[PDB]
Structure formats: C-alpha cells, structure tokens
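Working notes for the structure below.
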Amino acid sequence: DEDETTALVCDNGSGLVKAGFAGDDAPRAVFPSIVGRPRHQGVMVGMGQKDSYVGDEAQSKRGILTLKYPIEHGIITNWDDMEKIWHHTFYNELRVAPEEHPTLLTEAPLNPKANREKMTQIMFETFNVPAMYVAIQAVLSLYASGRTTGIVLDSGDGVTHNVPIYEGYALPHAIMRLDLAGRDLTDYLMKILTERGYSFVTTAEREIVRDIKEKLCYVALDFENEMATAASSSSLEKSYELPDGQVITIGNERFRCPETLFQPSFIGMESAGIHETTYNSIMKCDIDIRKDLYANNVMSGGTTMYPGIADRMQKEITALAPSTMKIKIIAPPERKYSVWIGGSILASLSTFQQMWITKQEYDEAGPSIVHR
Amino acid sequence: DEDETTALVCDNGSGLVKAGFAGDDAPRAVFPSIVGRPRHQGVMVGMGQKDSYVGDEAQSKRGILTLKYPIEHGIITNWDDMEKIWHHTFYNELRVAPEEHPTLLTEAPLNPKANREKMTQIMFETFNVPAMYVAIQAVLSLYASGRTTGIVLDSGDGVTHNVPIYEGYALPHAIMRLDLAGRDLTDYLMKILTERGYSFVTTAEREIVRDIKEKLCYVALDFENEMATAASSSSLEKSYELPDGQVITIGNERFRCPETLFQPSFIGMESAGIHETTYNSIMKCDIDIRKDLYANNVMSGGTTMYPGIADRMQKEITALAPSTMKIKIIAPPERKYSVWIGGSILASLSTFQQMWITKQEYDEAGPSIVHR
Amino acid sequence: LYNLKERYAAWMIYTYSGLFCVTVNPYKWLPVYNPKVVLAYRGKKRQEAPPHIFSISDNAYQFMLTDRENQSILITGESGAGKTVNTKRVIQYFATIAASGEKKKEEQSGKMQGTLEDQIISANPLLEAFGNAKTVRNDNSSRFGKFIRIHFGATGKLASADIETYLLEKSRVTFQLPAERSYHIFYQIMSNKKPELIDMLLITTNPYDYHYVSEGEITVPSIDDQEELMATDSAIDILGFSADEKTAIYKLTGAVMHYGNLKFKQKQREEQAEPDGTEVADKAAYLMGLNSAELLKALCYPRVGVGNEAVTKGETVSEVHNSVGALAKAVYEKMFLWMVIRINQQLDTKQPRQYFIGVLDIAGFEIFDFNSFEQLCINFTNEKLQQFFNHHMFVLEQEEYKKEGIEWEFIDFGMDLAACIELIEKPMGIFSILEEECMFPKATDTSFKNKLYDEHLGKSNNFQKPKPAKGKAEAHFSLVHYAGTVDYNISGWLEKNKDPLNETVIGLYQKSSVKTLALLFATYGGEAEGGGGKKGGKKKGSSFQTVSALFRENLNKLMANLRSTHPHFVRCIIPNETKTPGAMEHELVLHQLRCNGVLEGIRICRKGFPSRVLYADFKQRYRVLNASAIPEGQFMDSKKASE
C-alpha cells in the first residue's frame, strides 16, 4: 500500500495535463497546460496579489494575464513555467505532498535525452519525490490496449505521431511526427464556420467553436460522396444552440474539419496525412515485423476521437497495404486517456516496483540513471 | 472609531450634492449644486453683506443673484465655485471640521486624470483633510447592490451613463454617455404641459413642474397602446393641486415625458436611447463577460426612479439580446442614493482602511498618488 | 519544567520565573488563601517572603502609593488553568487590605447589597451565572474576558471599580458540546429553588424541553444550581438593580430558551417558511412585551429596505431557524453587556480617585488543530500583550545596566513581534481586507481569501499558505506568531463578522413594553439612518461595519490603559488534563510555557546574563556568606547592600 495507493501518474500534454493515482480508471485531474501572468497590478475581491495563475484559473481570467504554453508540440520548452504546472498538480489539484509519493511521468516520442535528465533533476531535487519513472507516451497507450507490438497513431492538442513499438521498444528510426492536431483543427473549423456566414466575435463565441468540433464533428468515410450528399441536402445538417439562443447551423463543415487530418492541403500544409504517414512508418520498419504493425494500429489521443476515424483509416491503409496483409485499426472508447490509463496499470503493477528510479539511485548515479 | 465614525461621504452631482457620514443609511445632507452671486448691493434684515450663496439659500433667493452650476454633465467645470460648495458641505451642512475627518469623494465615469489630481490638491492642500479617496460613481452603485460585475445605467440630473464593471474594474472602452437626464426631462414636461393649454408663468409655477414630474410621471410598458388607451379615456388622468387651488390635470403626458428616455427624438435628439445604449455597451465588451452583464443591469440615479422603468427596460433588452440569454434589470428602491450608500458601506468597511490616501502619501508622492 | 514540577510534588503552587508569578492548579484544598497569610504578605517586598500571589498583589498596592503610578495585573492561562479563581482571590485581597467604609463594616447584613467592597465582590457571581459554564476542562470556565479597574483613593482607600467585557462565547447560548453545558443561569433557574420563576417564565424544570440548553449536559455534581440561584439573585439586588430589571433579566433569559423551541414549516407548493404554531411564540412574545403575530411575520416575511425603500423579503425554513438563533444570541449578549454597564453604574462613586489597579483576565494563546476567527482575535490579543511585556522588560533590564554601570547595548525586545502585529492590525492587513470585503454585497469567504493572498502572499514573511496535514482539518493560512505557527480556517468569517440580524424584529424590540429590552436595542435603532439604502456603509448611522471593527477599538482602549500602568504579570498553569493534584504532564506544561511568555522571558534573560537576582531576594538568601558585611549592606541599602 506504501506505494500501491501512493503512485502518481502525470501525463503532461500540449493542451491538457491528465493526473491522478495509479490504480484509478481515469485521471483525477484534467486541466489546461497554461500559466498566466497578470498584465496589470490589482486584486480579486478577498484575495491577495497573485503572481501567477495555472490551469483553469488562467483560462478564466485570460483577459488580464499573458497566457503561456510550457509544452510546445509535446516537448517542454519552458522549465520555469513547467515546474509551476507540476506544483499546481501536486499541491492543489491532487492535494498530495509529493515527498512521499512515487511519480510516473510521461514524455514524448523523440524527447531529447537532456530533457528526460532535466525533469528528473526537478522531480528529485526541487519536489523531493521518493522515486519516479518516465514512460514514452505511445508506449503506454499500446500497453493499455493489452499489447506490446503494434504502431500507435497518437494525436492530441499540439502533435501527431506514429510510434511503431516491438516487444515494448519504440523504434526510433520509424517514428513520424506531424505538427497538426486538435488545436490547428479548432482554428480551421473556426474559419469554415465564419466562412459559412458567421461571427465568433466575443471570447464566449471563440471558446465554444471548440465544443462544436468535439460534439458535432465527424470523419466520414467516402468524404467524396459526402460533399455530394451535402448538396442534395439531406437531413445531414446539425444546429447547435450557443451560450444564448443564437442557434447556429452546421451541416456540411462538420466533416470538412477532420478531412483536414487526411488532407493537410486544406490548411496550407504540404506534409503528408495521417494514413499515409501510418503507412510510411511501416515501410521504414523491418520487413518481418510489418505484418504485426498492420494488424495493430492502436489509436490514442483527443483528436482521434472524431467518430468514423477508424473506418476511414481502415480503408485508407487496406488500400495502400499489399492484399496479402491483415489490416486492424484498434480505437478504444477511453482513448482520450489511453496514455494515462497505460501508466496507471503499469505503475500499479506488481512487477514495476523494480524499475522505479529511487533517490538512492539518483543521489548516487546523477540524472543519467533514469535517462537509460 | 477614530475614523469609523469619522469618514465622510460626499457625492457631487450635476443637480444635487449628497453628503453624510460613512455608517449612515442615507445622506445627512442633500441640496442643490448652485453658487449664487448677488446681482445688486444690499442686505437681508439682520444679516451682513454676503458675497455668495450656496445650495438652497441660492435657490430661494434666485431673483437677486446670478446662479451658477459648478458641475456640467458630471464633470467639475469651475473649481472656484466647487471649493465653495465643498466648504458649505463641511462647515454648514455637516458642521464638521474637515481636518480631522477622512473624506470619500466620488467622480464621474471618464473623469479626466487631471481633475482627480486637482480635487485631491484642493482636498489635501486647502481643506487639510487627514485622508481621502475618490470612487467612480457607477462602481459604488453596483457595489451597494451587493455585486462586483454588472453594468450600471446611471442617470441623474445632467448625465446618463452605462458603465460595465468586471470584478470591480469599470471598463473604459465600453462606457457610454448620453447627455439627456432629469433636467432635460423637466423642461420637456414643461412644454407638453403648457402645450396641454397651460401657463407656468411665475417662478412658483416653474419649480413645481419638476414636482409634478417626480410624483405623477410614469414609464409605461407598451407606450404604444398607452396613447391608444389615453384616447378611449379611461380613469388614467391625474390632477395635481398647485401652490394655490388651481387644479391642473395631467392625464396622458404623464408618461410622454419618460418615453423621452427611450425616444430622444421627442426632444430633437438624434442620439440612441437608454435601452439601445445598454445593449451597445454590452456588444462592445468581451464576449465571455456578456452573459454576466446581461443578468446584472443595475439601475441608479434620480431619473431612473420613474415607476415601470425596469419593466420597460426588461422587455427592451430581452427583445434585442440573443434568446439564449438571461436578462435581469435590478432597480432597488433607495436608487436615488445608490452611489452614496455604496460609498457609506465601502468607507465604513473593515478592509478599506488600507486604500485611504493619507497626507503622508500625498506630501510624499504628489497628486499622482491618488490618481492611480 | 523540572523546577516547577519538583516544587509542586511538594505542594508548592507558586514559583516565580522572572517577573512572572507562575501558579499551578492544586486540584485540592490549601491553607494558602488563609486569612493569616493575607496579613503576612502585607507590607512585604517579594524578597522578604516566598512566592505567592498576594506578593504580587501587595507590591502593586505598595508601588501604587510609593511611585504614584497606576498598576496592573495580568492573569492569563488556558481554559483549565483556573484564572477566575485567582482573579477573584486577588480582588478580595484589595478589598480587604484597603477598605473601610466605616459604617458598612459592621456585622449587620454585612456584604449584602448596600455596600461595595461587596458590590465589587457581588459582581462576580452574577457575571458568572451568565458568562460561565461547565467546560470539559473546568466546571466553572470563564467564557469571556475581563478588565476591572479598582480605583483607589488618595489616602489609599477604595473609591471605585470598573468592569469591561470582551469576547463572549455567544455560541453556548445555542449550542453545546457533548460533555459541556451552557451558561449556568439556565440550569440555575430550572433548578426550582424559586418556583414562581418557572411559572413566571413559562417553562418547565426539565431541560430537555429546551434544545438550546440541553445539547450537552444538564447537571454537574460539583455545582449546586439551587444555591447559586440565590447567590445570583441576591447579587442582583445588591447590585442595585430594579426589580423590574431584575424581572427583565429573568423574563428575558427565558424568552431565549423559548426561541430555540420556535418551530416552522414549509408553506405548501412554496419554499416559504410559515409558522408551525403559536404556542411558543405566544410565550416568547409575552415575555418580551411583544405581539405574537407581528413577531412571526417579521420573522417569516422580513421587510427589508434595498434601494431607497423597504422591500418585503421572504425566507426559507432554514433561514428562519438560523435568524432566530441569531437574535437569541444577540439578545443574550447585549443584555449581558447591559448588566455589566448597570453594575459599573452602581460602582460609580463621587469620591475622588487618584490611581487605579487594573486586573486583566483573558485567555492565552491557544493553538488548536482548528483555528477560526475567534482564535485570531484572541491570539492577536495575546501577541500584543506579549510585546507589551518584552518591552517592559527591555526597559527594566536596561535600568540595571545603567544603575550598575555595566556596558550592555540592546534593542527593544518587543520589536521582534512588530512584524506580526502590523500584518494583522495595519491598513492593508488581515482585518482590513476582512472588514472591507464585508462591504461587498456579493463577496465570498473564497473571495476574501484571494484578496488576502494576492496582497500578502510572497510579499509577507509572517504570511504563509498552510500546512494542511498533521492534526489540522483544512487549509487557508498560517501566521507566524511568537508562540508559533497557527493554521487559520476562514469559513464563516465574512458572516460572523457582519453580525447579520433581522432588522424587522429588532424593530419590534425597539418598541417593546419591556423597557429594558427596548433599551438594549437603542444603539441599533439610532444608526439605521446611516445605512438607509441597499449597499453602503452601516457606520454612517453608527452601525458596526465589522465583527472586528470594535474588538480592535476595545483592544486599543485597553492596551492604552495598560500603558499608563505599571505592569504586573501572573501566569496560571494547568498540570494535567486528568485533574490530579501533585501531578504534571510534561509536554502539556511545556506548551503553556512557550505560549505563556515564560520561556521567552528566560530567553531574553539568557542574552548574556541569564540569572538575575532581585536585591532583597538576594540579601536574605546570601547575607550569611560574609554575614556581617553582607547583612549590613542589605539592611543599610536594599540595593547598596547586595553591592
């Protein structure tokens, strides 16, 4: 129990932090990855002067603060502001004292060696956690779907990745990163919806375009004869009621937004798209392992939640793969937390105890120890 | 007690001064904002030659003096004559010595920086008050209705304003000023009542048109089919008995006077009216704060006291606002003193002590100190 | 720790620790308060006699006439330390050793109403019935603080007295912990020694009929409610109260019981409160000189005044029950205050006064896993009191090194605490932020909280964010007091600090047939002018703006009175939670010592030249060393001697 209860799992994202206790089924804490700094001197009624704001209080009060994102494209870019988000996570969100809890953290696919050593330096030397561990994100997603070999298409708020994993070892030279994700996708909907003849003028109009994207957006299979369908004008249309009455209608654009993930050309991106990239990762891997990867395309991440994403991907890679092959696109329902759940499982596991980096290992080996 | 008893609250208006002690429920002193200067040399029986007259003695003796209004449209226009009204307030009306009383004063919505510094220069350097503070009027009105975010429609004797306030900070760029108020409104009634076939000939006829406006005037909802009602001639009519017998009847015009506040066109004004202006203030503010402002339209000022003002405004902005919105027009009964009461509360408060500008701050920082 | 302990196991309760006069609860009887002792300690410096309270108390007197300065005695300790006992005992002392009403001295209804020396005394037993109760620690715990000014004459004979009350435990009136009980009075009255009373008040003799007063315990073996009732009764009289008033008091004390019996129910299809009967209201109404109806309306349909008018507001069941309770408490309090005033009034004589001796009885810094508003107020009081000492000592010390000719320079010892005090009492400090927000019609505890931080956090050292775990219950803010770190919970503060009362009802009181009740409310009725419309400042009309606004004013008026005084200190101690004579838990006594000031006086002593002997205390004990030449020195000049 000492640490059975006690292991923490913190998944640091570009848009959201997911956090909680190893053992739980889902994150106890989910909140924006921002750190707000007040543009002016003054106070809220009853509070003192605050130097900084994190998560939702930074989002809610955004009009008087300069908002900053510590993690650009999955990589920690500002370490002063990240230690601020961690502090908030332990002390306010989970309300635990960190110096008696083992902490499993996550990093990104080709996270620079030096960063994995730096967050270890900050975990052990400024938070004084007993022990910690850094798992790679795609690797926890795979594992949370039971398996050990497969290829994960991972897509969240600032990055998309393909991480081919074989008997647990993520394959460095076959990993692909596509910098277009849910953030890019909300801003494109924004324009095709103002372009539908609308105005997201006040900040209460801006924010909810993102809630339109999440609730009403679709990834149609045969996106071709779906536009064609749009035109005959079926009961395909969908009206959403705004903060007030102002019933906005979205028929068609509803799927023009996730067609951006297959066609980056919709947004002036010259890069290849999700399905081709799944494939290219795969023809960059060893030959003998390619049947395995093909029957185990595990999807994880908030942006892979658009319904019919899996069917489109299913047919997208069948028709690029040699017919002798078995294609299989696994997309679980909890996928917006796969990464986290994979960490919860792993860290609560009976056999993981012997991989925890302890302060004994650290004080004796330097940050190098956990770096592997 | 030193200053718990001792804080003064002086609300300077275009028509009236409201004054008294922080702590009280209502102003100890209310009187016209005039300064009379005798047109001829001579005396009243038993008095000496008087150079000047202020408040009610200036009104009562108006036939031999040239009357002057120091505050034009809420802004202090003559500083020689204002120091005269302050002097009168402290020494004669409240009969206090100012050099041992902290003084909370009020200013108008976009009061020029230089004025807030000038009345501070006169408070500290010619009245020698221990400490003082200048609150913005709409902001004290809001606060006296308990809240901190809302939009105040403030309307008195020379100005009308809309001041959107968010967690206490009045929003400069969303404030609207409409120069038509109770003064304009008494003169319009005057004409629609002489136009009813009457004569307000002597000064005892002039003054009481204003007491007709206050007692008998109404703001009808559906001002349309209220004129229509007037015609069928119901028992809608209302006769007032003059200083003498001369029973004057006012049926209809009774509401044609406050319909001027929604239709400025009744008086050759091309500006928009109260309700549209409430609204425009609101579509000039941030988007995310517009649901707050809509559910918190606080009314203050002598001219917002016309019964049924709130119902007309209620329906005036519901029908301009998106139906998804909650409208809420708060109009308290003490509203002709909201501003003052908000100051009484605030200045008698336990936490306000640390915002008082003291002579220590001033003698050391210059007028800049209180200016903020 | 060890010295105290040893002389206790030997049954010596009075040991000095510098200037202090430590006192340990015997938990049994002692011939110390002995009428022989009283004399013995009469005219003796504390070096001419062993450690004892009369030493302090006599010296004060002495000093009083010798130096022509006023004096003070500061008694302080935890709930079970037994201060009242001392306080009282000190008081008798004064009365005895300097009375002489000449005519009042005879054995003819001696000490009955009609003399002060008695009034002076009789005072206690009234206050005690109303401001005292069975605590889980004491059986007669003081639930309030107090300050008496014994105004001595020119000659040196008694002339006047002056009481002042601080921080009364209003909550007992409505609540009570399981092992505790409410004020005595209630139980006194229902005891049945004066049966008329029961019928007069319209109550029963079974407390379980009055929820407000039987939530905890009803009977205490060591107390004879029947005897006290008279004590109380008789005291009132002596105190000069009018029968009527003496009738108001009673009648008023029963109304309050009744209130807690007032019941309500939800109006059908409405969320409004509607009276669940006019059985009790009737009694409460009559007893207060009210009208049942008018009363139940005001209660149910509170008619407010938002804007420039008076808007009738409807309340919920939960809202009523709570408002009632608020008046119950409000009324009791006020009354209590009044009684004190009335007492003071009798204790007012025309004879000249040249000096006084103040006896202050209040609580000491107590730390709980749960520290709320009340704790701050008390702690703050103590942290002040402490600085008050640290200074007196600095002043004092420095005289010696000046008298002797030593060359020691040092900074005021008070200074160390100024940091904490400023943070609380200064303008942008806690109280202010607390009392400002109270002006915001739509503020939250949460609101207040943030304001507290944004402004003090990171910028102030004594200011800190809590340590939520250990024996503590939640988080908000810790302070760094001299005694240590106190973790404060801010929840209810805003309210508690606003003293919200249904003004409609108060209205009724204000026009009662029961003058006294009417009186008690006057000061509320006279400030309403000032807070006429919604929002604003109550102070405009003389109404309190803060729960804390006075406390401060009173605490200032006090600490000022304390200054024009020659401070004399007394620290009361509590041996063991278990109530056993001759015993002591260590850490329990250790605690007190830190929060007492005792350990801080030792510190300041040790900076340096630890042990410091008072001259007579020096003569006596050591004359024998060069017997001839040391005795001559000590006798020839109390000081020059030791030299």
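Naming scheme: A, B, ... for chains in displayed order of the structure tokens; residues 1 onward per chain; ligands 1 onward as shown.
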
| Please, which residues of chain B lie no more than 6 Å from chain A when the count uses only C-alpha atoms, and can they be set out as a VMD selection string? | chain B and resid 286 to 288 322 to 325

| request: Output as a ChimeraX atom specification the set of chain C residues within 10 Å of chain A, with distances taken over only C-alpha atoms. | output: /C:433-434,436-438,440,442-459,467-469

Report the closest atom pair, with its distance in Å rounded to one decimal, for each residue of range 251-348 of chain B that has an atom no farther than 6 Å from range 304-313 of chain C; count only C-alpha atoms, sort by chain and then rising residue number, and write it as JSON lines.
```
{"residue": "B:332", "atom": "CA", "partner": "C:307", "partner_atom": "CA", "distance": 3.7}
{"residue": "B:333", "atom": "CA", "partner": "C:307", "partner_atom": "CA", "distance": 3.5}
{"residue": "B:334", "atom": "CA", "partner": "C:308", "partner_atom": "CA", "distance": 1.8}
{"residue": "B:335", "atom": "CA", "partner": "C:307", "partner_atom": "CA", "distance": 4.7}
```

| task | With a distance cut-off of 12 Å and only C-alpha atoms, select the neighbouring residues of residue 532 in chain C, excluding the residue or stretch itself and same-chain residues fewer than 5 positions from it, and output the selection as a ChimeraX atom specification. | result | /B:20-28,144,332-338,340-342,344-345 /C:304-310,503,525-527,537-543

| field | residue 77 in chain A surroundings by only C-alpha atoms, 12 Å radius, close-in-sequence under 5 positions cut, as a list in words | value | residues 13, 14, 68, 69, 70, 71, 72, 82, 83, 111, 112, 115, 118 and 119 of chain A

| query | Which polymer residues have any atom within 6 Å of an atom of range 248-260 of chain A, counting only C-alpha atoms, with same-chain residues fewer than 5 positions away left out, as a list in words? | reply |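 Contacts, in chain order: residues 189, 217, 218, 219, 230, 236, 237, 238, 239, 240 and 266 of chain A.
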
Using only N, CA, C and O atoms, please write the residues we just selected to a file, as an mmCIF file, in the first residue's frame.
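As written to disk, result.cif reads:
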```cif
data_model
loop_
_atom_site.group_PDB
_atom_site.id
_atom_site.type_symbol
_atom_site.label_atom_id
_atom_site.label_comp_id
_atom_site.auth_asym_id
_atom_site.auth_seq_id
_atom_site.Cartn_x
_atom_site.Cartn_y
_atom_site.Cartn_z
ATOM 1 N N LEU A 189 -11.892 24.983 -38.201
ATOM 2 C CA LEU A 189 -13.347 24.928 -38.168
ATOM 3 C C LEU A 189 -13.873 26.328 -38.073
ATOM 4 O O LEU A 189 -14.801 26.670 -38.795
ATOM 5 N N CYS A 217 -18.484 17.233 -34.791
ATOM 6 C CA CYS A 217 -17.620 16.725 -35.859
ATOM 7 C C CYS A 217 -17.405 15.225 -35.999
ATOM 8 O O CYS A 217 -17.392 14.419 -35.048
ATOM 9 N N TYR A 218 -17.310 14.935 -37.313
ATOM 10 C CA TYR A 218 -17.308 13.591 -37.900
ATOM 11 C C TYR A 218 -16.158 13.338 -38.848
ATOM 12 O O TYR A 218 -15.630 14.299 -39.408
ATOM 13 N N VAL A 219 -15.749 12.075 -39.012
ATOM 14 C CA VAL A 219 -14.808 11.734 -40.079
ATOM 15 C C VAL A 219 -15.600 10.743 -40.871
ATOM 16 O O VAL A 219 -15.873 9.607 -40.499
ATOM 17 N N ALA A 230 -24.098 16.361 -49.288
ATOM 18 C CA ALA A 230 -24.358 17.653 -48.653
ATOM 19 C C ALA A 230 -25.245 18.542 -49.503
ATOM 20 O O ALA A 230 -26.202 19.123 -48.985
ATOM 21 N N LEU A 236 -28.668 15.847 -43.057
ATOM 22 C CA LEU A 236 -27.293 15.675 -42.613
ATOM 23 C C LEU A 236 -26.917 16.857 -41.702
ATOM 24 O O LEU A 236 -26.072 16.698 -40.818
ATOM 25 N N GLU A 237 -27.530 18.046 -41.918
ATOM 26 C CA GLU A 237 -27.313 19.275 -41.130
ATOM 27 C C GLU A 237 -27.417 19.157 -39.599
ATOM 28 O O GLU A 237 -28.147 18.301 -39.067
ATOM 29 N N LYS A 238 -26.746 20.045 -38.848
ATOM 30 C CA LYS A 238 -26.829 19.977 -37.402
ATOM 31 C C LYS A 238 -26.665 21.315 -36.703
ATOM 32 O O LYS A 238 -25.597 21.927 -36.711
ATOM 33 N N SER A 239 -27.772 21.776 -36.115
ATOM 34 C CA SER A 239 -27.767 23.021 -35.358
ATOM 35 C C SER A 239 -27.554 22.869 -33.860
ATOM 36 O O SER A 239 -28.226 22.070 -33.193
ATOM 37 N N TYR A 240 -26.591 23.683 -33.412
ATOM 38 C CA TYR A 240 -26.127 23.785 -32.038
ATOM 39 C C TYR A 240 -26.658 25.094 -31.453
ATOM 40 O O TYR A 240 -26.576 26.122 -32.125
ATOM 41 N N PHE A 266 -5.821 21.342 -47.027
ATOM 42 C CA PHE A 266 -6.948 22.143 -46.568
ATOM 43 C C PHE A 266 -6.493 23.308 -45.722
ATOM 44 O O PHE A 266 -7.242 24.269 -45.499
#
```

| What's the 9 Å shell around residue 313 in chain B, counting only C-alpha atoms, without same-chain residues fewer than 3 positions away, as an MDAnalysis selection string? | chainID B and resid 221 274:275 308:310 316:318 329

| Between CA of residue 116 in chain C and CA of residue 359 in chain C - distance in Å to one decimal | 17.0 Å

| request: Would you list, as a PyMOL selection string, the residues of range 507-603 of chain C that end up in strand (DSSP E or B) under DSSP run on this structure's backbone? | output: chain C and resi 530+540+566-573

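Excluding range 160-167 of chain A itself and any same-chain residue fewer than 3 positions from it, the protein and nucleic acid residues within 6 Å of it, counting only C-alpha atoms, are residues 148, 149, 150, 151, 152, 153, 154, 155, 170, 171, 175, 176, 177 and 178 of chain A.
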
Since we have the selection now, will you write its residues out, keeping N, CA, C and O atoms, as a CSV table (one decimal), in the first residue's frame?
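Result written to result.csv:
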```csv
chain,number,residue,atom,x,y,z
A,148,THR,N,1.9,-5.4,-26.9
A,148,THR,CA,3.3,-5.0,-26.8
A,148,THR,C,4.0,-4.7,-28.1
A,148,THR,O,5.1,-4.1,-28.1
A,149,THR,N,3.4,-5.1,-29.2
A,149,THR,CA,3.8,-4.8,-30.5
A,149,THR,C,2.5,-4.3,-31.2
A,149,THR,O,1.4,-4.8,-31.0
A,150,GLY,N,2.8,-3.2,-31.9
A,150,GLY,CA,1.8,-2.5,-32.7
A,150,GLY,C,2.3,-1.2,-33.1
A,150,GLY,O,3.5,-0.9,-32.9
A,151,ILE,N,1.6,-0.3,-33.8
A,151,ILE,CA,2.0,1.0,-34.1
A,151,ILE,C,0.9,1.9,-33.6
A,151,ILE,O,-0.3,1.6,-33.7
A,152,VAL,N,1.3,2.9,-32.8
A,152,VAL,CA,0.3,3.9,-32.3
A,152,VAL,C,0.2,5.1,-33.1
A,152,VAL,O,1.2,5.7,-33.4
A,153,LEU,N,-1.0,5.6,-33.6
A,153,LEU,CA,-1.1,6.9,-34.1
A,153,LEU,C,-1.6,7.7,-33.0
A,153,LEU,O,-2.7,7.4,-32.4
A,154,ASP,N,-0.8,8.6,-32.5
A,154,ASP,CA,-1.1,9.3,-31.3
A,154,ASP,C,-1.3,10.8,-31.7
A,154,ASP,O,-0.3,11.3,-32.3
A,155,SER,N,-2.4,11.4,-31.3
A,155,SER,CA,-2.8,12.7,-31.8
A,155,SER,C,-3.6,13.5,-30.7
A,155,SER,O,-4.7,13.3,-30.4
A,170,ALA,N,10.0,1.1,-28.5
A,170,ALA,CA,9.6,2.1,-29.5
A,170,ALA,C,10.8,2.2,-30.5
A,170,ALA,O,11.9,2.3,-30.1
A,171,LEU,N,10.5,2.2,-31.8
A,171,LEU,CA,11.5,2.1,-32.8
A,171,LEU,C,11.9,3.5,-33.3
A,171,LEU,O,11.5,4.0,-34.4
A,175,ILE,N,9.5,6.3,-36.2
A,175,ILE,CA,8.6,7.3,-35.6
A,175,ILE,C,8.5,8.5,-36.5
A,175,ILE,O,9.5,9.1,-37.0
A,176,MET,N,7.2,9.0,-36.7
A,176,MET,CA,6.9,10.2,-37.6
A,176,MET,C,6.1,11.1,-36.7
A,176,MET,O,5.3,10.8,-36.0
A,177,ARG,N,6.4,12.4,-36.9
A,177,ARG,CA,5.8,13.5,-36.2
A,177,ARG,C,5.1,14.4,-37.3
A,177,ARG,O,5.8,14.9,-38.2
A,178,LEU,N,3.9,14.7,-37.0
A,178,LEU,CA,3.2,15.6,-37.9
A,178,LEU,C,2.6,16.7,-37.0
A,178,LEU,O,1.8,16.4,-36.2
```

| message | Between CA of residue 425 in chain C and CA of residue 374 in chain C, what distance in Å does the model show, to one decimal? | response |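 So the answer is 15.3 Å.
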
| DSSP says helix (DSSP H, G or I) for which residues of range 80-159 of chain B? Put them as JSON, numbers by chain? | {"B": [80, 81, 82, 83, 84, 85, 86, 87, 88, 89, 90, 91, 92, 93, 98, 99, 100, 113, 114, 115, 116, 117, 118, 119, 120, 121, 122, 123, 124, 125, 126, 127, 137, 138, 139, 140, 141, 142, 143, 144]}

| note | Among B:326, B:312, B:359, B:213, residue 292 in chain B is approached most closely, using only C-alpha atoms, by B:326

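Proximity of B:138, B:85, B:208, B:29 to residue 299 in chain B, computed with only C-alpha atoms, is greatest for B:138.
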